[PDB]
Ligand code: BCL
Ligand code: BCL
Ligand code: BCL
Ligand code: BCL
Ligand code: BCL
Ligand SMILES: CC[C@H]1c2cc3[nH]c4c(c3C)C(=O)[C@H](C(=O)OC)c4c3nc(cc4[nH]c(cc(n2)[C@@H]1C)c(C(C)=O)c4C)[C@@H](C)[C@@H]3CCC(=O)OC/C=C(\C)CCC[C@H](C)CCC[C@H](C)CCCC(C)C
Ligand SMILES: COC(C)(C)C/C=C/C(C)=C/C=C/C(C)=C/C=C/C(C)=C/C=C\C=C(C)\C=C\C=C(C)\C=C\C=C(C)\C=C\CC(C)(C)OC
Ligand SMILES: [Ca+2]
Ligand SMILES: [Fe+3]
Ligand SMILES: [Mg+2]
């Protein structure tokens, strides 16, 4: 896209930052919890070391 | 207009937003490289 | 759009960066101590 | 497709977690709709900073929404901004959270239970554009139900049982056929004041209207209307608020405490 | 004491309101309105008129066929004895097909009549939904009622159609009867290991409890400020009066936060809708992705553990 | 006849009539499907 | 027969007609799927 | 089809579309995880 | 044929059509995943 | 520290503190009553 | 003796009497829960 | 760091801070009492 | 008179309605011929 | 809304529907090649 | 929506360009997914 | 803070007890005498709940899982006397704290009602919820003769109590007061969705439309069901449905055990045994 900066003319680049930071945190929490649910990728109960 | 943001401000915000997102992606890539070295999933 | 001038935005950023850095410093030291106590990987 | 996502995760667990994300988003939406009235908040936090800090909590305020009033009465924005208003009272103590003591005569102070906003100075209109709250003298096709006592001619008594006047007329809602106000002819100066039906206790056997809110002598200071045959939204609040102040100001014993 | 605004002391009679005019090409409203005195003491005295359009007429025909089939099978189940019909009426019902038929159409008395009653009732409910959609549209109103009705329909379809199809058996569906559908409700929980431990059953109860909480709060609130004309909620929403301010302030002083005269109805709308949305989801999860809710709760650390003061020797473990 | 439409609204009657016929048609097909002797969707 | 549209509104009739046809189509497809002799989603 | 934005608000459409894609992305990932053949988190 | 859009609002038709088609497309994919003959995520 | 009373008013503070201390005192006594080794009413 | 300029002596007596009675009830019930000090046996 | 009090109200901060510390203090004591390894009232 | 449609307006819609219905019935007839070849039901 | 916009929308609607149906036909041809259902 | 054809042509241009970019990496993802474990 | 229109309503007086001593606000909350009492009733009750969780049923079963935390009432062998703290006595103290907190909350609402000069419907409606709680932990246990009939204080354990009490009558759906209470609950939820929908659909009309009137509200439900109860009466009806549901729920549980010990379906044998059939 030659002009992608024009996105900030229709979405406020303040509530977008809050939404992005909240969204990334929740997604990051979810993926960690998904891995903890897994018998292979649970790094706290795998006994290694 | 819609967001009270001028064309110059949007150019300013986009440049650093891209820079911050690029650096965030860079940390993510390093994290996944370390994760792949630790325990690959594919 | 916050009522914060240019100088306060830089001044707050300076103290914020130091406070975040010192907090990150203590966190790193804590995790080094935690790793020595009981490594998790 | 199976019920198990991992060794521990299953579809039911994902579905309940999916609901919590939606429910969290829903509460944020509802809280945002809640804050379309009375925001930004009034606080010493704002007062001490000279308006530099707005108290809105989380979530912050939403964009203004438009209510297009019928019969081109104007468009009202819900998250609006109102002019600062000065209360007719002084604090009992200077610490934050302390209450206020109304100045002068509490009934006429317009503070506390007698406080009221300044609503629009126009009558509420029916679907056809006629004034909604009108007396029975102009709502001719309206009439009292046959099995119910006609309020006209009943005696109005105050909190102390003293006669305050007689019901000269009944004001009814034209859109929904119910009684709203009793027009009382005060037997002190012959000036007709409105009595909201919510402050009226009918005594059918004695044809008496009991008003526990205020004394008989307080009917002389009930706010009056500019036009005798219609009442604006502004005047409805003023009349109702005056009687409401009586529930706390009519007698010394009403301020409490019981013990 | 003070007028509590629970009953209308003095009612006023006006000529019956025909209704807001409908757009061109709409059927005239049927019925000459009357005035019930006792209905006017608690509410509005006028009964009627009603609008019975094409969709409402079709819903009536489909609905009667379902009810007639249900009642006929109830009467058949007591061998036509109308006296025994009245005696056993609460216990009578139209059973769904037996498990051995799966999703196929069984004979009439072996679940075939149930499918017809289920289909005709479903069609009348869907037709009634279209009717609620059109009445709101004809008056220029929004479709909040249709959305809420669709949420209730979703739960109704989950009970009798969607879940039985997912399970591959009509025998999982709800019988048409007073006590029989209560027996189904109890058996459903028993069969799938104590529905109390279904988290969407827990949520549904929270919203059903919350609906009674909100309506008690909102209903008492509006009656408390009705002396300031708080019942005229449209006016309070468009032009905030002292009734709306005192109502909001009461709840702010009580629990630290408050709604508006408009947003309290959004809380009300969502609490009621989420009752049946979570109800439908919890039903769809049961038997499809969870076999035993209590064991699911044990797996996820939700069920409490009690000291083993009483235990039974398992006779199968020998 | 023909005057039956002077007391019966043709608009309301046709919808009621067509709705009843559609319900009746569905009902009869359902009954035949329920009957093993007349179910046409078997082997 | 063209006067049927002087009795019934074409817009409302077309929506109701399409709605009934779609529900009828789902009904018939479901009946065929429910009948084992005509269930095409079985691989046989 | 540039005219499609005459009737669809660019701000409303964009956020709704991005939310729609995210839940679809979650749905497909989770469906694959439920499948033992495509579950990449198992050993 | 083009006359249909006089009575049917194009703005309302498109959103309803897109919502209907997505639900229909989602339903068919789910039906196929339910049927063992056409479940492509079983590995066989 | 006398300027703490310029921050916390002695009205709300002095009754909150007494309530917190009383609940704290009750809680500790209840904790000891619930501990068999420190239950002084056991006999 | 300056406590009475911040606490109304007439409202305090009601709260004081309510507090002491509630406290006395709790202690009696605690003693009743204790078999060693349950006098109603 | 003295400028944090030009950002945060000292009165609102102390109430939030003191309330948090009291709850945190209770929480840790309760956690220790819930583990028999650190329960100091068991004997 | 109950729908606000003139004789010509009703005449022209009926022409399109009949033509559209005919094409729909044509596709339906073809679909049933194909269905009969796949699996006859009588 | 007007009469002239009706043909304008209809032309884009028909082409969009035709393109959507075209992809659908291709998908079903591929689906039939993968695993025929009749 | 109060959006004239002047501003409905460059929003569409970016929207199509962004959609092509989004669809571009989707295809690469599915090619990698197909190589890892084909589903047909 | 306070709402932008709130300051003119913050008036001294209207307290039932305490006068000027406790008549103040803490943030948004009004405290008063019963706010102070209610807060420390709640504080002690919560702290004893946490302590009850800290000791748990026993050391091995002790858990801080919020779903599994449970403070159980005494054994029935203790009757109506006090139990040792770790054998149900903690439940008895928490119950007393809960009653103190709930009544203080209701009485604090009364003081707020007096300050605002509004009706007392809200504290009156809340008293029904308190009365239902009082039936569960006071009236029914006293009628049954033991504090051990109260439900345990745990998020999931009090569901196990409801389940087992329900199956003490073999089929609790046949409880006639239970059926009536459920009818009011379901009707209330239906009436709440209808009322919320009608208000929202009128104040948020179709695109490019003005706010509708009271005529539209009455016309809408007359067009659907042929009757409109009215803008004022729907709030009476909603209050009546919600309070009737709780009243009949209190009846349904207080007759289960105290006034009926057989299976609930057997209660309907009065109808089945009528000589008419
Ligand atoms: C499972 C195998 C590994 C592991 C594999 C991975 C992989 C792979 C990743 C992580 C990532 C993260 N892991 Mg890890 N992680 C593990 C165990 C943990 C444990 C734990 C106690 O066990 C914790 C607390 C964490 C925590 C974290 C976070 C630091 C980070 C996600 C932050 C985020 O969502 O920001 C989102 C929210 C924001 C607000 C981001 C803001 C971005 C700004 C603009 C950039 C500057 C940031 C600024 C300085 C503030 C710092 C915040 C940082 C994001 C930390 N991991 C185990 C041991 N983890 C992710 C990561 O690296 O993110 C950086 C990631 O990709
Ligand atoms: C033994 C079972 C036989 C069978 C034996 C019969 C017999 C016998 C009859 C039918 C009839 C019908 N069958 Mg068959 N039918 C079978 C299986 C099917 C299957 C299937 C998937 O298996 C389907 C979809 C149908 C469908 C139909 C309908 C086309 C028709 C009922 C229409 C109706 O009720 O109008 C009522 C609903 C309305 C809305 C009426 C209004 C009509 C329209 C809207 C107005 C048009 C006006 C116009 C001028 C009048 C002519 C209309 C004509 C229908 C063209 N049959 C099996 C194979 N079927 C009936 C029939 O032929 O009717 C025409 C009939 O008598
Ligand atoms: C199952 C086999 C593979 C796998 C197979 C696939 C396949 C196949 C796909 C993915 C896709 C995704 N996978 Mg994967 N994936 C796996 C496991 C994971 C795990 C994990 C915890 O293991 C995670 C976190 C992910 C995460 C992701 C996301 C990066 C992505 C979904 C994007 C989305 O939802 O958009 C929804 C949200 C939005 C659209 C928001 C809009 C905002 C963004 C920024 C849109 C930008 C538009 C455009 C690109 C802008 C650029 C323009 C230019 C700069 C000018 N996968 C496993 C290991 N995955 C999809 C993908 O590649 O999408 C990109 C995809 O097709
Ligand atoms: C291993 C378990 C050990 C134990 C190990 C520890 C350890 C380790 C610590 C404590 C600490 C505390 N322990 Mg210990 N403690 C044990 C058993 C107990 C028992 C008991 C009955 O068994 C009690 C009542 C206590 C009580 C206490 C408190 C005195 C203190 C936590 C106070 C707090 O949270 O402040 C938070 C609440 C506030 C700050 C609210 C303040 C209210 C007023 C309005 C503000 C005034 C501020 C004032 C001007 C300045 C404060 C500091 C001053 C210099 C004093 N412990 C057992 C035997 N305990 C902590 C401590 O020493 O803190 C001082 C600590 O680190
Ligand atoms: C196997 C079990 C049986 C059964 C056995 C029982 C038993 C036993 C009971 C019920 C009770 C009820 N059952 Mg039953 N019931 C069954 C099946 C059903 C079904 C169904 C769909 O099958 C339904 C809809 C119901 C419905 C009902 C209600 C009528 C009633 C619960 C509402 C109530 O009591 O309000 C009352 C509301 C309260 C008590 C709430 C009190 C609120 C207090 C005052 C405030 C607390 C404040 C709080 C601490 C604040 C926290 C602070 C936060 C920060 C907010 N039951 C099955 C068949 N049922 C209960 C009942 O009737 O009790 C009266 C009851 O005891
Ligand atoms: C009677 C009709 C319905 C109703 C009405 C109603 N409820 C009300 C009101 C009204 C009118 C209020 O005014 C009042 C309020 O403030 O609402 C916001 C309230 C209220 N109803 C509430 C909850 C509630 N209502 C319920 C039910 C109902 N309330 C009925 C269905 C339920 C159910 C069904 O479970 C709950 C959980 C609160 C949000 C609030 C009262 C707040 C209160 O009393 O605060 C004081 C107590 C605390 C701050 C904390 C608790 C302190 C205790 C010592 C802890 C122990 C509690 C318990 C004994 C153990 C834990 C319970 C277990 C089961 C987990
Ligand atoms: C005036 O009336 C007379 C006297 C003429 C007749 C009187 C009749 C009487 C007294 C009837 C009484 C009826 C009663 C008491 C009914 C009680 C009903 C209850 C309590 C029902 C409760 C729940 C029922 C549910 C939830 C049923 C749900 C069923 C569904 C959703 C079924 C869907 C079925 C479908 C869509 C069928 C598909 C069929 C397939 C195979 C396509 O068909 C071929
Ligand atoms: Ca490890
Ligand atoms: Fe309302
Ligand atoms: Mg049965």
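Please read every residue number as a count from 1 along the shown chain.
So how was this one determined? The header says electron microscopy, 2.2 Å.
Placement of Cβ uses the backbone N, Cα and C atoms for every residue, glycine included.
Note on Swiss-Prot: of P:60-88, P:89-117, the range annotated with the feature transmembrane segment is P:89-117. Your range for transmembrane segment, going by Swiss-Prot and the list P:120-145, P:146-171, is P:120-145. Residues within less than 8 Å, Cβ to Cβ, of residue P:178 ((7R,8Z)-bacteriochlorophyll b binding site) and separated from it by at least 6 positions along the same chain comprise P:172, P:248, P:249, P:252, P:264. Tertiary neighbourhood of the transmembrane segment (P:32-55): same-chain residues 15-18, 21-23, 26, 62-64, 69, 71, 86, 90-91, 93-94, 97-98, 100-101, 104-105, 107-108, 111-112, 153, selected by CB-CB distance under 8 Å and a gap of 6+ residues from either end. Outside the transmembrane segment (P:230-256) by six or more residues, the chain places 121, 125, 128-129, 131-132, 135-136, 139-140, 143, 165, 168-169, 172, 175-178, 180-182, 184-185, 187-188, 191-192, 195, 214, 217-218, 264 with a CB less than 8 A from a CB of the stretch. Nonlocal intrachain contacts for the transmembrane segment (P:120-145), taken as residues 6+ away from its ends with a CB within less than 8 angstroms of a stretch CB, comprise 73, 79-80, 95, 98-99, 102-103, 105-107, 109-110, 113, 151, 239, 242-243, 246-247, 249-250, 253-254, 257-258. Listed in sequence order, the residues of the same chain lying 6 or more apart from residue P:158 ((7R,8Z)-bacteriochlorophyll b binding site) and placing their CB within less than 8 Å of its CB are P:70, P:151, P:152. Taking only the Cα positions, the spacing between residue P:235 (Fe cation binding site) and residue P:221 (ubiquinone binding site) is 15 angstrom. Distant neighbours of the transmembrane segment (P:89-117): 9, 11, 13-16, 30-35, 37-38, 41-42, 44-45, 48-49, 51-52, 71-74, 82-83, 123, 126-127, 129-130, 133-134, 137-138, 147, 150, 152-153; these residues of the same chain sit at least 6 beyond its ends, with a Cβ under 8 Å from one of its Cβ atoms. For residue P:195 (Fe cation binding site), the Cβ neighbour count at a 10 Å cut-off comes to 25, with all displayed protein chains included. Taking a C-beta cut-off of under 8 angstroms and a sequence separation of 6 or more, residue P:221 (ubiquinone binding site) has the following same-chain neighbours: P:194, P:198, P:227, P:228, P:229. Taken in sequence order, the binding-site residues P:158, P:178, P:195, P:221, P:235 that lie near ligand 2, meaning a CB under 6 Å from one of its atoms, form an empty set. Checked against ligand 6, the binding-site residues P:158, P:178, P:195, P:221, P:235 give P:158 in sequence order as having a Cβ less than 6 Å away from one of its atoms.
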